[PDB]
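So the structure is just underneath, and the comments pick up after that.
Naming convention: chains lettered A, B, ... in sequence-line order (proteins, then strands); numbering from 1 in each chain.
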Amino acid sequence: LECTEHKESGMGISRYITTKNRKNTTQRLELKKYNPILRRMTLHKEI
Amino acid sequence: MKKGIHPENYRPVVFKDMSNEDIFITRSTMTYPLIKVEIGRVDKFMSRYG
Amino acid sequence: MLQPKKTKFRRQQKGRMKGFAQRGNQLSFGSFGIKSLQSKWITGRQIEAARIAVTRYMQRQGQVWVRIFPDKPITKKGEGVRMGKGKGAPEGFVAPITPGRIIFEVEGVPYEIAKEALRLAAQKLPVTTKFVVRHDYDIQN
Amino acid sequence: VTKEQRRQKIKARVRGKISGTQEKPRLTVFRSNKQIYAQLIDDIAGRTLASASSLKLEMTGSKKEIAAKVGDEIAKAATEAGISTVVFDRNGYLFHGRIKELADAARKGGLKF
Amino acid sequence: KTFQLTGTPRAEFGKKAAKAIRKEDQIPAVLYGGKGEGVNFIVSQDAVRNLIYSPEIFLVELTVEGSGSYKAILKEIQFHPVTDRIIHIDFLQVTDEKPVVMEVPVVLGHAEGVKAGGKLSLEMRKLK
Amino acid sequence: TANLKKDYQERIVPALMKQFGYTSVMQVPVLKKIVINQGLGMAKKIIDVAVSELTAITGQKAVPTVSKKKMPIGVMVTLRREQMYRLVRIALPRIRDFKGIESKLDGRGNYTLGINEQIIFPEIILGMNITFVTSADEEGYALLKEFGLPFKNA
Amino acid sequence: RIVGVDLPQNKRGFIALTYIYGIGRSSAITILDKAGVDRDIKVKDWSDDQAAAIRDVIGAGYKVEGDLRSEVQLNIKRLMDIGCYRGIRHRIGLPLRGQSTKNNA
Amino acid sequence: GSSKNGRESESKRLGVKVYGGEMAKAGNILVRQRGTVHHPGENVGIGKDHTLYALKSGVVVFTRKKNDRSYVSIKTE
RNA sequence: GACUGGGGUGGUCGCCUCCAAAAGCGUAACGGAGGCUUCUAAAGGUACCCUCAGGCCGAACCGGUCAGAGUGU
RNA sequence: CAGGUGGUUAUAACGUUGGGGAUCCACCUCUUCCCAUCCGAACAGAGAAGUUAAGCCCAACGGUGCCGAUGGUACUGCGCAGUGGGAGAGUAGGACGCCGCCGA
Ligand SMILES: [K+]
Ligand SMILES: [Mg+2]
Ligand SMILES: [Mg+2]
Ligand SMILES: [Mg+2]
Ligand SMILES: [Mg+2]
Ligand SMILES: [Mg+2]
Ligand code: NA
Ligand code: NA
Ligand code: NA
């Protein structure tokens, strides 16, 4: 139930690869991460 | 101390004994409201016959 | 047969006996005793035979202490079994002793009875033995 | 669990991160049931550089203003001794109340920290 | 209740010196207790008869050749593990004050009596 | 006010009861706090009802108690500085079956009074198991005799 | 409430008084008549004076509740410990008023 | 018959790498350990696997404090 | 397929921990014991604040004497 | 007369007995505001009603802990116990801390 998770919504694009337990967290994981293209912190969401 | 969590209507009430003429005043959470509260064998042989 | 009621490990490495016994070499609990003069593994059968001898002597009088306890498990391979493939079958427990260690103690009997009974016990043991008495003992009464 | 040991554990925790040198001395504070004491300490030498207290200082009746006066006094004493940078030591007290006023007043004075 | 003993002074220490002493049938002994530093000396196996003995013979008067004379009691004895021979003796010097605790033989409810030399506080011996 | 006024006025333990007479009222035994804890293993509405019962009895909210293996297996409430020192005053006019309240101490002074029925409450299967922590220098009984409640064997 | 007993608040006096240990129908009627309270009045409708009269009639006579329970227990204990025929019958659990067993409990 | 044993993991080469009195450059590893057998002191940092390393250049010093606690520090200049 | 106190049969094959290991590191056996092929969106970061387990007394609560507990595995 | 803050690995700790108090520390008094917990118990604030009772400090005590010789023994290096190294435990004893800075 643990799987790869991709965070997206950069600006190319900004991606972060993490892990999560989908049964424990069914809902989409969204976190604020640094965006290298815009040089600021933006909200990334799981695709 | 924590306002709201503690029970409200903590009025002063009087406990009155109806059969002891005793009146007390406290702050029981229940111009004081009044609560009424209520609060051998040889001898037998000699008595029968003697 | 003396052996521990429970044990943490079933098998034990065959260690090495090195010098003289620095503990249990003095007569405490009794008046007469026998000390080993060799280094050996004493088995429960030998201990029980010696105790039976020393108790059949002395009649019912006196008290006998055995001061060693077998708590070292040993194994034997078995006939037709080659070397290797792990430890063999368990074959009881032994007590390792070094010279100076007192094995048997007696109290409450005269000098001659004690000497004879401990001689009888020592004749059933696999080690040469020395008979000893407490140094503050009075020869008479 | 005595309040003394309760504060001693917190004192050890705070000293686990805060230590004072000749530059950036430790500003330690003692509260007590009345008055308030402030000390400037160089820990590598075990030597106090400056001090201030409210024992001979009295202007109001409320400990918050008295603590503010002590903070102003210790800022003055430190700037006279040649101290501009410090590190504050809670000394086992929660940073709120009289000690907060003392530290705020020391900020209004010199002692850029 | 008074043994007499004399001691040859001892100034060599170590396993070699002790072996040399014991080869000629003698025992290294030390004496300590109270004020003053300890005294090292040599006694003889024949000279010690308070060891292989029934009673607690207090008041060993020791005359050490290099030293004065003292009144002590037996404090510690070391035996060989195999031969049961005496290899070292340590004496505790008893004074007027500072009572010393020792073991006194018991007869049936009796004792041997410790009032002089040693002060008091005798524990027991063979309490069976 | 409460019984605190009368207690401070009398203060007869230092002299009339004697003992701890060091000219210090700070040596006089006082009642620190009264704790009422029911406790029950039925959980789950039992705890949510017992909390209400304790709150009604005490006048203050009773938080549930953890059981540490992770459940609300008890309800308790601690009262201080206002428990008639009106809790003691409210408890004084009460009766249940008969008289003969026990006189068991705790080694430092604690009237741990265990009551089976909860129907003796004028406001209200249950239990009471009330306790009275007091700073008795804690005499086992000599300063633990400052109890104005009923007691068996006088 | 009355002798330490909470009565059914919605019942007539001559029935609700029987809920006390030691009072039956006859005793309830007699108690109400001696106290001067009409027997067909609900318990909730009793005046304070009428309740006081009933309680005072219950006192001074009519051993009820814990007193009667203790008296009955004491009588049973004395009967058992005297070692009489009825005492051993009560100790062994058999009828003692002349009833014959082997057919009924 | 057969044996149920025969397994063992690789050795991790733990222990002290720079002893007291030696000269250490910045970033040099001083101790490899499981847990804090030796605790970091002045000018000594501790890593994720409790590896002790030098934050400066100087001489390594081992010291013992209360409860016989062992500290590794660097004396610089 | 290989190892293998001949071969076969049986067991084993990568990683982790202890002992064998001889007070730095390293070190073999079909020597002695056990585990793994994951988990946590908080069981991560930080500020602040707390302190288990056991014995006794009273009846989950009170009291004071005391590293055993926990740290997913 | 007591307070604050440090160095020295308890020879420094714990404990028992006894004594403090103009202020210093503390207990203590009350919750309007800051702030906090079911609970002003803790935390936080408000200024002086009373206490040395407790904390705290001082003195005596070798009681529990802690430290610990000399001598001997175990073990051990030299491929012979000839020549070197030398415990642990135990016994004598020690020890009711020793050095700083600030304030009064
Ligand atoms: K030595
Ligand atoms: Mg390993
Ligand atoms: Mg092959
Ligand atoms: Mg190694
Ligand atoms: Mg090696
Ligand atoms: Mg030693
Ligand atoms: Na191997
Ligand atoms: Na020791
Ligand atoms: Na020793």
With hydrogens left out and only the distance checked, is there a donor-acceptor pair under 3.5 Å joining A/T19's side chain and the base of I/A41? no

Does the pair I/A47 and I/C48 meet both stacking conditions, six-membered ring centres under 5.5 angstrom and ring planes under 30°? yes

Go through I/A47, J/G82, J/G72 for me and flag the one nearest to the E/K19 side chain. J/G82

Any H/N67 side-chain nitrogen or oxygen under 4.0 Å from OP1 or OP2 of J/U9: no

Rounded to the nearest 0.5 angstrom, the CG-CD distance for D/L57 and D/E73 is 7.0 Å

Strand partner of J/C30, provided both Watson-Crick or wobble distances fall under 3.5 Å: J/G45

Any donor-acceptor N/O pair under 3.5 Å between I/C19 base and C/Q12 side chain: no

Heavy-atom nearest pair, C/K18 first then C/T98, reads N-CG2, 4.4 Å

Could you check D/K100, D/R31, D/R7, D/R98 and say which one makes a side-chain hydrogen bond (donor to acceptor under 3.5 Å, both in side chains) with D/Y93? D/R7

Picking from I/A33, I/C48, J/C75, the nucleotide nearest the side-chain atoms of C/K18 would be J/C75

Judged by atom type as modelled, is there a donor-acceptor pair below 3.5 Å linking the side chain of D/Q39 to the main-chain atoms of D/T48? no

Hunt down the Watson-Crick or G-U wobble partner of J/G100, both distances under 3.5 Å, from any strand shown, or write none. J/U5

So what's J/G18 paired with, Watson-Crick or G-U wobble, going by both distances under 3.5 Å? J/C58

Are the six-membered base rings of J/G40 and J/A41 within the stacking limits, centres under 5.5 Å and planes under 30°? no

What nucleotide, of J/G71, J/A92, I/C48, holds the atom closest to the side chain of E/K75? J/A92

With hydrogens left out and only the distance checked, is there a donor-acceptor pair under 3.5 Å joining C/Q13's side chain and the base of I/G32? no

Two-distance pair test J/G63 J/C14, Watson-Crick or wobble, each under 3.5 Å: yes

Report whether the bases of the adjacent nucleotides J/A87 and J/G86 stack, using ring-centre distance under 5.5 Å and plane angle under 30°. no

Closest to the A/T18 side chain, choosing from J/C101, I/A41, I/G32: I/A41

Of the nucleotides I/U40, J/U70, J/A104, which one has an atom closest to the side chain of D/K56? J/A104

Under a 3.5 Å distance rule, please check whether E/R22 uses its side chain to pair with a backbone N or O of E/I87 as donor and acceptor. yes

Are any of A/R22's side-chain N or O atoms less than 4.0 Å away from OP1 or OP2 of I/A41? no

Would you confirm whether I/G6 and I/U17 are paired, taking Watson-Crick (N1-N3 with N6-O4 or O6-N4) or G-U wobble (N1-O2 and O6-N3) geometry and requiring each distance to be under 3.5 angstrom? no

Please pick, from I/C16, I/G10, J/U70, the nucleotide with the shortest atom-to-atom distance to any side-chain atom of C/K85. I/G10

From the options J/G47, J/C24, J/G71, select the nucleotide whose nearest atom is closest to the side chain of D/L55. J/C24

With nearest nucleotides of RNA chain I determined for H/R7 and C/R82 from heavy-atom distances, which residue corresponds to the more 5′ nucleotide? C/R82

Assigned partner base of I/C49, Watson-Crick or wobble definition, under 3.5 Å: none

Donor-acceptor pair under 3.5 Å: do we get one between C/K87's side chain and the base of I/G32? no

Phosphate oxygens OP1/OP2 of I/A41: is one of them under 4.0 Å from a side-chain N or O of A/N24? yes

In plain terms, say whether D/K11 and D/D89 are close enough for a salt bridge, that is, a side-chain N and a carboxylate O under 4.0 Å apart. no

Under 4.0 Å from OP1 or OP2 of J/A104: is there any side-chain N or O of D/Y37 that close? no

Any side-chain donor paired with an acceptor under 3.5 Å for H/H50 and H/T36? no

Indicate, yes or no, whether a donor-acceptor pair under 3.5 Å links the base of J/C34 to the side chain of D/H96. yes

Is there a side-chain polar atom (N or O) of E/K16 under 4.0 Å from OP1 or OP2 of J/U83? yes

Start with the C-alpha distance between E/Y70 and E/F91, add both sets of side-chain angles, then the distance that settles ring pair (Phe, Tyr, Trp, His ring centres under 6.0 Å), and finish with yes or no. CA-CA 10 Å; E/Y70 321 91; E/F91 296 102; over 10 Å; no

D/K34 side chain, from C-beta outward: closest of I/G32, J/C25, J/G4: J/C25

Under 4.0 Å between any heavy atoms, over every strand shown, what does C/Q22 touch: base, sugar-phosphate, or nothing? Just pick one. sugar-phosphate

Over how many whole Å does the gap from D/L57 atom CG to J/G103 atom P extend? 16 Å

Which comes earlier along RNA chain I counting from the 5' end, the contact point of A/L1 or that of D/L94, where each point is its nearest nucleotide? A/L1

Identify the nucleotide, in any strand shown, that forms a Watson-Crick or G-U wobble pair with J/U37, with both distances under 3.5 Å; if there is none, say none. none

When we call it a touch if two heavy atoms are under 4.0 Å apart, what does C/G86 touch: a base, just sugar-phosphate, or nothing? sugar-phosphate

In terms of side-chain heavy atoms of D/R6, which of J/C24, I/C49, J/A92 is nearest? I/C49

Considering every strand shown, what is the Watson-Crick or G-U wobble mate of J/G72 when both distances are under 3.5 Å? none

Proximity to the side chain of E/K15 - top-ranked nucleotide from J/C27, J/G84, I/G31: J/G84

Starting from P on J/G6, measure out to CD1 on D/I18 and report it in whole angstrom. 12 Å

